[PDB]
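Heads up, what comes next is one protein chain in two forms, each shown on its own as structure tokens, labelled structure 1 and structure 2.
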Structure 1
């Protein structure tokens, strides 16, 4: 739920942008209304905006969160944005992809670039699977494939049958067959290492 500190933060951001909805006035009100909010409250207000359908304003709270010190690239955080994005929206579709790009960049910008070893290894499987599954739902095939190819195939993050099953079905159901065949191959290799006899 929302603390009275958060609910009022959302209220403010809306009353402010009520008069000016342009993108420059948005991040101005977002930064002002969600400026030094405790990690917990900021994160909540962000999801509260998503819930209400104010996606653009949620992205604003996302740019504010990035400028905070506790901000970390979270697969789940992004999954939310992907899920709460307007369907049948070419503009939004792009933002979703650009978002997925930001995530991977941020992730590999941390102690990566040559990390001993791996930004992606040790990543939360469940949360990562949620982002992927979410993208495959909105139909961002290419975008879903990039997270996989980067975190599982190149990133060396060990996932499970559930993850593969999601990607395999996803890619095959969104046209990317060469991709689907690869996922089935990775799984084949997975099942080879874990199956018994």
Structure 2
């Protein structure tokens, strides 16, 4: 559902970046074009940029949303940005890795960040696994490890056999053999239990 204000904002963001869609330019443009929008219109503008295939602009829209008072981190939404990013594109890969760092930070330095269960113990494992699946499929091995380590290993997020298999095979396939070995240890630990 595209409103008048969302349509205008999408057109402005495209206009502002017609010559330069690099992160600094897209970042400045996104705050200028989208910074007056209410939640519904901002998310509609983001989704329309996604639909048109303007991935970098849609990501810039996401980052505007992430700073809004109403925002709630959704690893499944992040998973969609990962899966829709262009494969084997260094700039997009860098932007995806940065998005994962931003996700980890927004959780760990968020309101729940202080004691004592931790930010990750109550995390939706299904959605978290979707993000990790997406990262591994996109070849973003370090990013996947970062999420797995922060949430599962360190954040004591109790996870399934499926998460272990995704990660163990993913790390190996992508050449992070030390990380693969860590996951295999975790999987073995799981197996000895069930």
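Positions refer to the first chain, counted from 1. So that the term is clear: the rigid core is the largest set of C-alpha atoms that superpose within 1.5 Å between two forms.
Note on provenance: structure 2 matches the form deposited without the RNA.
Under the rigid two-part model of the rearrangement between structure 1 and structure 2, residue 85 and residue 35 move as members of distinct parts. Domain rotation between structure 1 and structure 2, with the chain taken as two rigid parts and C-alpha atoms superposed, amounts to 30 degrees for the smaller part. Taking the core as reference, the Cα of residue 54 moves 1.5 angstrom between structure 1 and structure 2. Its Cα shifted by 7.9 Å, residue 22 is compared between structure 1 and structure 2 on a rigid core fit. Comparing between structure 1 and structure 2 on a rigid core frame, one finds that residue 7 has its C-alpha moved by 8.1 Å.
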